[PDB]
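[1] generate a structure from the sequence data that follows.
(chains A, B, C, D, E and F, ligands or ions: 8)
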Amino acid sequence: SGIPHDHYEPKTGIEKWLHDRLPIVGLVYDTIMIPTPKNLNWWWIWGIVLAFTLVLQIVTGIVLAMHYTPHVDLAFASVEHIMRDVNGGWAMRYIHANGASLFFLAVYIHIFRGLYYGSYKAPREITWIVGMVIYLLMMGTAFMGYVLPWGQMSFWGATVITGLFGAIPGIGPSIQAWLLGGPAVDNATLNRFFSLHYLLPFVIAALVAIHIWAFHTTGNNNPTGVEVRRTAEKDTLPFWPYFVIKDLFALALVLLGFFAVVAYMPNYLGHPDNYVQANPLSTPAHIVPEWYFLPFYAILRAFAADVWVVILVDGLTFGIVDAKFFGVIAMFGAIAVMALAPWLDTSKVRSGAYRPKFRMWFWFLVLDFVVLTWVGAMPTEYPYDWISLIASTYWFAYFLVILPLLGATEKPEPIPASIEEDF
Amino acid sequence: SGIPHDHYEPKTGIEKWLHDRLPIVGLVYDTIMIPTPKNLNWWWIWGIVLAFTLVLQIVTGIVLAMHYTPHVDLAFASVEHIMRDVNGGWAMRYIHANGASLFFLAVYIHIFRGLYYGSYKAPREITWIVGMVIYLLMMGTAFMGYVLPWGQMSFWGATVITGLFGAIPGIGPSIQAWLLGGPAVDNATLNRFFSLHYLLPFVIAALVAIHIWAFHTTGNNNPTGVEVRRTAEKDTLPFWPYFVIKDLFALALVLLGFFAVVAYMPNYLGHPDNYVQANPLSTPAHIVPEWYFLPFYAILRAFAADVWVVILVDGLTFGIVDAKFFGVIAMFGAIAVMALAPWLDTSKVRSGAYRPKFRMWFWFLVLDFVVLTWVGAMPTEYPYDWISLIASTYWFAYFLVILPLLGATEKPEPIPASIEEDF
Amino acid sequence: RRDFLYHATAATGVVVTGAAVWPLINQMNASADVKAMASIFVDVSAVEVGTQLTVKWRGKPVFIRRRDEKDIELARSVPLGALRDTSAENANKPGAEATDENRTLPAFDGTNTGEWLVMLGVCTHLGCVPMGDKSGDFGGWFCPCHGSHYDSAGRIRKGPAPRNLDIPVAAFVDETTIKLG
Amino acid sequence: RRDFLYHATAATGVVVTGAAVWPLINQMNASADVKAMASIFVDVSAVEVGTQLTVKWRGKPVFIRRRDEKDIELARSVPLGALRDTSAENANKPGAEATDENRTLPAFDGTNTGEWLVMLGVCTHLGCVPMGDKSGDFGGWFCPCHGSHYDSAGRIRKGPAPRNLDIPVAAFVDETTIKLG
Amino acid sequence: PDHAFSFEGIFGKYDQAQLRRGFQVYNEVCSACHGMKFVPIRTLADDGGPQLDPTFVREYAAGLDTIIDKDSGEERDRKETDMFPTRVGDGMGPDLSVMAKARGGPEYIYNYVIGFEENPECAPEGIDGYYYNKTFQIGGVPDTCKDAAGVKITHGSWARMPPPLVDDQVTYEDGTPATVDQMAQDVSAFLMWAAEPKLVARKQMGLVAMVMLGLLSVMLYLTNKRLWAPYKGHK
Amino acid sequence: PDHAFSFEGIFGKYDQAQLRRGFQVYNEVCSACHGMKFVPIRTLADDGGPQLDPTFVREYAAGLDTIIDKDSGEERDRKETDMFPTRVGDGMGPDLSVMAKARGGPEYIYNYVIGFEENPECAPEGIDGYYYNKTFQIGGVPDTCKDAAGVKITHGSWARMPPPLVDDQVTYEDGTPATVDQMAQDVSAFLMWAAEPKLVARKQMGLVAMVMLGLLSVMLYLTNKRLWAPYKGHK
Ligand code: HEC
Ligand code: HEC
Ligand code: HEC
Ligand code: HEC
Ligand code: HEC
Ligand code: HEC
Ligand code: FES
Ligand code: FES
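    Numbers count the residues shown, from 1 in each chain, chains lettered A, B, ... in the order given. Ligands and ions are numbered 1, 2, ... in the order given. Here you go:
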């Protein structure tokens, strides 16, 4: 059971004088020969993808910062200095910019893999909490970063996603001014964002430290509602070399596609308007902040008192909870409820591979995510308003009511024993 | 023996559900209730001082970077923007600038405490190695940082301490250009230095991580040549609350003095010429890089073929080893030999409190350090040249020959037993 | 005493910690160079009355647009009913009803109001810049960030934006100038 | 085979890693905007021959100083013996001996050398700027960074600096100009 | 058909004669109003695009406007190391440094320059000082051409730029019919260069990396199939 | 004796009348050649120093040179938000923004302005265009005054600045003998302000922190003495 196999430091004198600093003991006993089940599909790779992508972003950023100058008058020029003069330039920038896209794409699949195979269910709450914390940090990071080029979309995205904090009453304008460094956006905001943007990744790495510490102490989830049967465990092959090699193969494929993009379709995920300098006096059409924030942008700009299911007219009972504040609360709740999940699913069961109704609702949820992604880009004119309202309502409904009802009446399936599934 | 007292997680349900993430187990069992001897004097505090100073510097820097603009045309102006407009300004800058001074002062006492009480002697080699690595990183950091204000001393200090790398043959100019971003100093160097300067502190923290991991696995030295007698150990009170409170008291005193300086004598340790903008066309008199690099500056500019003990005329046997390269090697060796110490002292003994000859030689070494500090500021005219040569020669002599001879014939003292020294 | 001394040491440590933390949260506030926040003299100077005029100030645009009769009549024909924000955000006067007579502007040092209207070109939803030049579904301004329809006089309509376009404190400089501040 | 396949996978991984690392070490090299490194036309234009003239170029100063007879005679009276660097660093000619006849400069398009001397104002020790205007213990230049005494013609003396002050490639523009590059 | 360029694909390293033609046009036509500050003059020798002769570059540079200085205010000789000039206002337009990315890009410029036909049969009078363009979409439209809800019934809108070229505005030294269409294509390619000069290097890197990573991935697949063999053989 | 200032110590928050006098002196004498770019004009209302009336500040600002713009080249009215002007060359000197720190500082300025006496009895002819000072140390010296190894026998050296003031150059509105010494002291204090405006806040913070930390340290000493009591009582 949970064989650590510390190696007893019996190799030789080198492995015996290393009794001063244990380090190799840690690596070997824990982070390399960690028994993992055999039943792992191709959905348990994306964590390696995320770690590599994080390293990539940190490196490329440390390189760019050697040529980026945070200032309204010299940011655009420095970015062009990069893409033209520097030796590698375009590569670093395109790899930095697009890799953010892959990062978020990979976390999406990392998260939805989790919702299916009960990875939030006990005893794996801490991992979930830490993951939501990370998600928040990395969203804030990417936001701070999209601003640095001082293009045109930078300015206005910052403007609105800071007016949010100002929507709330009493302490809105104060926070807004304390965050922007002033009444509106200017170089001060740029300096804050650069610093902050150059600091959070390390916090993320530490949090990834705790993320990795947790699911090593707590066994990796597995396609089944079963554990490694610790009591000797013919199942649960080790990590190295088997799963290391599997993950590296998938990672090679992913990097292949990523570099093909970088080299042929690099400006595809971007907004052309970010290639024109900023004008605080003129706003372009369809700001469309980005593609990894459209869901929450839509959940925000949906509630506007423009439907018979408009709960804003009812929330107006209290004269303080206006629309804006309502949408902001709705977004914060869209995330808080995803974090609260493990204490809402009242099921003494596990992976939805044995819960059909859950399968249907979950695929509807994935569809809802895609729809929200597609709607945040389209105007607030009919019919898109009804669509956004329906989708947000279903998100909240799933995460609040649907899981309890299932946990109550959702066991028409024969659960599998013997995690050694030699089929 | 080595009582960890994991606490068994018997407190309550909170301390029992924390069996998902051990964290509190680590803190309690290891990093708080770490048995430390009773025989500790006031020289075992400076590590807490260093940790706090590092945190202070990191914080103040993260704040400054919100207003500093890396560019030749806007650095000085941004520094003045800080010291005038910003709310706190002068405080952050003076605390950042001077705290570096305290940092190095504190590491000096941390290191010399070590040389006395055989803290480099086995089984404490890894700590020593890691400490020298750190010292290097933090020297490089402070150097990169003194440049950012783009004053006058910045430029020329950078110029010379980069011409060093160019002294060596074959791969000197290439490295020089690859480090400066060009033939000479300009904005590119500034960007590199800012980035680098804003990144190494985290590496230092990690290295401090390993630094703290090591001497927790390996017992804290103690005033004597004795261990905690693991086999139950009435000696070795715990860290918390006793030594925590002692260190915090000393730290309060130190911060008191430090803030008195910051508020009354802040520009004392500085160079006024760093308050005039840079002129690549005019060099001031007595550049005098700083005060924590004068020893090595002197060891460098001492060997010049201007004494009957001039080994440069002899090293000229090989036409490649000229003077400059000789001084550079001498400096790198001045540090490498301090790192090699634990394998040069051939003594099966410990703290020099029981080795008189060692006491005398060690106080001579401290005097040599002070002298080198005082000499790097004075010209290379007679008699200072002879002084610098003598001092460097004694440094090398100590660390190479003196310790072996002692380890041979240096045991006229009764060593103390029973680390419980109830005198 | 055990309790008193221990708790007092803890309290003093906490107080010092807070006194050290506050400035790390104060430096991010508006600095003195941002404190200035003063006025601007924009000269109307025959810009062909009826299309628009925009000028930068305080980091935001200040819209100075003449009036087109059709725009005017549409304005003056708006009863307070069915008007989201009837407060006439203009700070040059009290909270008087959001009426075109009060909402257009001072009268050149003369006596007339249905000819000029200078408001802050900042959407009250989240601070975007609406597009002018007769746009939207009400012959006024349209915000492209979320779709808020403004009217001729600038009062909010058809969108999430809660209130109309504010009007800063401004007076005239004897028939060719505007004072913003 | 076990050995072949495993070792080949490792080799390919290493190769890819290196191909990815190299640019992270290449970007820090001089960029194309630093590649330029071209020439400058400085006009002597009667600056009162005998004191000095300094101009910025390539990020370093280029010293153009006329000659003072006492400085000249001290120069021409220096035998190659006791001269640290006798190579005449000047790149406008071969490695001919560091003699004042070759070491002063071209002759205005005429025939004379003991009147002008333009060298690179960069100490060969570590690149500091020596102080001019008759300084040091040899009536020339003095480096304040470590104490290197230069002579009248710029040849190094009395210090760690190994070689004299180099002389870039320069020709005259017909009696009032200098071409640096 | 769509008149695809050379670079439109996995290959097509910027046929350079096209770019020299675009340069002949840009400096003689578009430069009168437009600028390219984000473009150094020394790039007309760098590989990939117009590999002109450096000496001609220095000549053409000295023959341009006067960019004064950064240290001592004095009208210099506009050395190549400087950037192309900037036309800012009073009847002038934006900067074309990266206009090929702020819009499939070059096709916009081609189909924009192409198309300035007379005013349609909805508003033949048109507007004073504004001219009509088939493809610009961010211009004003008269009320006579708008529908019932503000949308325009015209394909394009009214742009403030006049027609830049006639039937035979300039001569090509290489020998080629210099009609409007060829000039438009050429200048579009030149602007795409000015925006993406490092295109060919992009493509070559992409090829090399695709190849090396396919190799690595194949080898890893073999290693995986091997290691996992004794556990996937009976089923 | 040494004519210590007010701020020379643990107290001395910049007696403001002295600074107003120094301002009368600086704008009417030193400003002709020197500048203070690193100094905003609005600081003449901020506390600590000259708490002048804002309206006078705006007037004095509009009455200065013309600082053109940063966005649209056009000679503006020079609003207070801008910085003091800059005199750069052609018989002009450095910037006095932080000259009080690039040298005990203000004493240098006092003992420098003080001292321009005639040429000594070693070189009475002196030099053409250069004037003599007894305290500047970074100026040239004639060969007649140097020793055998280049060192000067004079106290100071020859500075390019002329004597700035005579016996009664300007009047003080408050009523005070405006001799040279008082003006020198006043202008020195003004420059020290221009360099260290946040001095008084520095001192008050230092006091507060010394106090709080002494308190904390005393309490920790008591706690230590207590905890370590049962182990240090028999000896
Ligand atoms: C002045 C006589 C011009 C010359 C000659 C050329 N251009 Fe221009 N251009 C000019 C103006 C005033 C504008 C702004 C138009 C507006 O309505 O805002 C432009 C615009 C362009 C654009 C941008 C179009 C867009 O979608 O915003 C392009 C791509 C452009 N012009 C191209 C172009 C070329 C290739 C030229 C030389 C052949 C050229 N223009 C000449 C003014 C003038
Ligand atoms: C031109 C007529 C001047 C006026 C009036 C004032 N100053 Fe000046 N100053 C001037 C020059 C050309 C120089 C450079 C001198 C040199 O030899 O390089 C200076 C220098 C100073 C300095 C710096 C001295 C030093 O050690 O470098 C100071 C502190 C100074 N001047 C002060 C000063 C004051 C207070 C004035 C008004 C009372 C003033 N100067 C007027 C030119 C001129
Ligand atoms: C060491 C510095 C650094 C790190 C670490 C870093 N970046 Fe950046 N980032 C930059 C710089 C510099 C820019 C501006 C240059 C650019 O846009 O490429 C930038 C810009 C961006 C952009 C906008 C790209 C563009 O071209 O508009 C995004 C998105 C972004 N960062 C996201 C991230 C995310 C997400 C992470 C990690 C979680 C990250 N970055 C890590 C330095 C860094
Ligand atoms: C909001 C949720 C969430 C986020 C965001 C998240 N994780 Fe996870 N992660 C999980 C969960 C749940 C598991 C499953 C743990 C288990 O099975 O015991 C997991 C597992 C892992 C694993 C091991 C198994 C696997 O799925 O590969 C790795 C490695 C990992 N995460 C890395 C990362 C990294 C690196 C990041 C970010 C840079 C990240 N994760 C972000 C929740 C998250
Ligand atoms: C987050 C950024 C950051 C960190 C971390 C940081 N600094 Fe700095 N440092 C700066 C900035 C910004 C400046 C320039 C402003 C200034 O000089 O105060 C600077 C300047 C300096 C200076 C010159 C001070 C002066 O005023 O001339 C020194 C010395 C220095 N740093 C040393 C250090 C050392 C040693 C460390 C930690 C080991 C450190 N710094 C940590 C940001 C930082
Ligand atoms: C080059 C040597 C060196 C450097 C530099 C160094 N250390 Fe140490 N450190 C030591 C040695 C040796 C010991 C003694 C360990 C023992 O007694 O087991 C030690 C002990 C310590 C201790 C515990 C006992 C004590 O002396 O306080 C702390 C805490 C500590 N170091 C922190 C730091 C921090 C933080 C830094 C830098 C930011 C640092 N040290 C830099 C060598 C070094
Ligand atoms: S920001 Fe103006 S409507 Fe959303
Ligand atoms: S740098 Fe010129 S002598 Fe040391």
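[2] can you map out the strands along chain E?
    E:131-133, E:157-159 (DSSP state E).
[3] quick one, which of those is nearest to ligand 1?
    Using C-beta to the nearest ligand atom as the measure, strand E:157-159 is the one of the strands of chain E that comes nearest ligand 1, at 4.0 Å. Where C-beta positions appear, they are placed from N, C-alpha and C, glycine not excepted.
[4] the closest one and ligand 1 in contact?
    Yes: using C-beta under 6 Å from any ligand atom, we find that strand E:157-159 touches ligand 1 at residue E:159.
[5] which residues sit against that strand?
    Contacting residues not belonging to strand E:157-159 are listed as E:126-127, E:130-133, E:136-141 [C-beta atoms under 8 Å, 6 or more residues apart in numbering or on different chains].
[6] for stretch C:46-57, same thing?
    A:280-281, C:40, C:42, C:44, C:61-68, C:115, C:121, C:132-133, C:180-181.
[7] make a PyMOL selection of the buried ones in those residues.
    In PyMOL, this line selects whichever of those come out buried by 16 or more other C-beta atoms under 10 Å in any protein chain shown:
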select buried, (chain A and resi 280) or (chain C and resi 42+44+61+62+63+64+65+66+67+68+115+121+132+180)
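[8] which ones among the contacts of stretch C:46-57 also lie next to ligand 2?
    Okay, of the contacts of stretch C:46-57, nothing touches ligand 2 (C-beta under 6 Å from any ligand atom).
[9] which residues touch residue 66?
    All of this refers to chain A. B:181, B:188, B:191-192, B:195, D:27-28 are the contacts of residue A:66 under C-beta under 8 Å, 6+ apart.
[10] look at chain C instead
    By C-beta under 8 Å, 6+ apart, the residues touching residue C:66 are C:47, C:49-51, C:53, C:115-116.
[11] go on, residue E:168?
    E:178-179.
[12] could you redo the last one with a cut-off of 6 Å?
    Taking C-beta atoms under 6 Å, 6 or more residues apart in numbering or on different chains as the contact definition, residue E:168 lies against residue E:178.
[13] among the contacts of residue A:66, which one sits closest to residue F:82?
    residue B:191 (28.7 Å; C-beta to C-beta).
[14] is any residue of the helix or strand where that closest one lies near ligand 5?
    Assigned by DSSP states H and E, residue B:191 belongs to helix B:187-217. Yes: using C-beta under 6 Å from any ligand atom, helix B:187-217 reaches ligand 5 at B:197-198, B:201, B:204.
[15] nearest to residue B:420, of these?
    Nearest member of the residues of helix B:187-217 next to ligand 5 to residue B:420, counting by C-beta to C-beta, is residue B:204, at 36.5 Å.
[16] and for that closest one, the neighbour number?
    18 (other C-beta atoms under 10 Å in any protein chain shown).
[17] quick one, helices of chain C?
    C:2-26, C:32-35, C:69-76, C:100-103 (DSSP state H).
[18] out of the residues of helix B:187-217 next to ligand 5, who's the most crowded?
    Going by other C-beta under 10 Å, residue B:198 tops the residues of helix B:187-217 next to ligand 5 with 26 neighbours.
[19] distance of it relative to residue C:19?
    27 Å (C-beta to C-beta, to the nearest Å).
[20] and the angle for the helix holding residue B:191 with helix A:187-217?
    Relative orientation of helix B:187-217 versus helix A:187-217 (axes from the mean of the first three to the mean of the last three C-alpha atoms, to 10 degrees): 30 degrees.
[21] just to revisit the earlier point, closest to ligand 3 out of the helices of chain C?
    Closest among the helices of chain C, once you apply C-beta to the nearest ligand atom, is helix C:2-26, at 21.9 Å.
[22] please see if the closest one touches chain F.
    Yes: interface with chain F: helix C:2-26 contributes C:9, C:12, C:16 (C-beta under 6 Å from any C-beta of the partner chain).
[23] between those, which is nearest residue B:159?
    residue C:16 (42.6 Å).
[24] right, and the closest one touches residue F:212 too?
    Yes: if you go by C-beta atoms under 6 Å, residue C:16 and residue F:212 touch, sitting 5.5 Å apart.
[25] nearest spatial neighbour of residue C:145, skipping sequence neighbours?
    On the basis of C-beta to C-beta, 6 or more residues apart in numbering or on different chains, the spatially nearest residue to residue C:145 that is not a chain neighbour turns out to be residue C:128, at 3.9 Å.
[26] for residue C:104, same thing?
    According to C-beta to C-beta, 6+ apart, the nearest residue to residue C:104 is residue C:113 (4.2 Å).
[27] buried set for the helix holding residue B:191?
    Across helix B:187-217, burial judged by 16+ other C-beta under 10 Å covers B:187-201, B:204-205, B:207-208, B:210-215, B:217.
[28] then stretch A:17-34?
    Buried, per 16+ other C-beta under 10 Å, within stretch A:17-34: A:20-21, A:25, A:28-30, A:33-34.
[29] the closest residue in space to residue A:18 that isn't next to it in sequence is in what secondary structure piece?
    Counting by C-beta to C-beta, 6+ apart, residue A:18 lies nearest to residue A:24, which is 5.9 Å off, once chain neighbours are set aside. Element membership of residue A:24, judged by DSSP H and E, is helix A:23-26.
[30] what's in contact with that helix?
    A:6, A:18.
[31] centre of the chain versus it, how much separation?
    Relative to its chain's centre, helix A:23-26 lies at 31 Å (C-alpha atoms, centre = their mean, to the nearest Å).
[32] please see if the helix or strand just after it touches chain E.
    Downstream of helix A:23-26, the next assigned helix or strand under DSSP H and E is helix A:46-64. No: on the criterion C-beta under 6 Å from any C-beta, helix A:46-64 is out of touch with chain E, staying 12.8 Å away.
[33] what sits against residue A:399?
    Contact analysis of residue A:399 by C-beta under 6 Å, 6+ apart lists residue A:337.
[34] brilliant, that's me finished.
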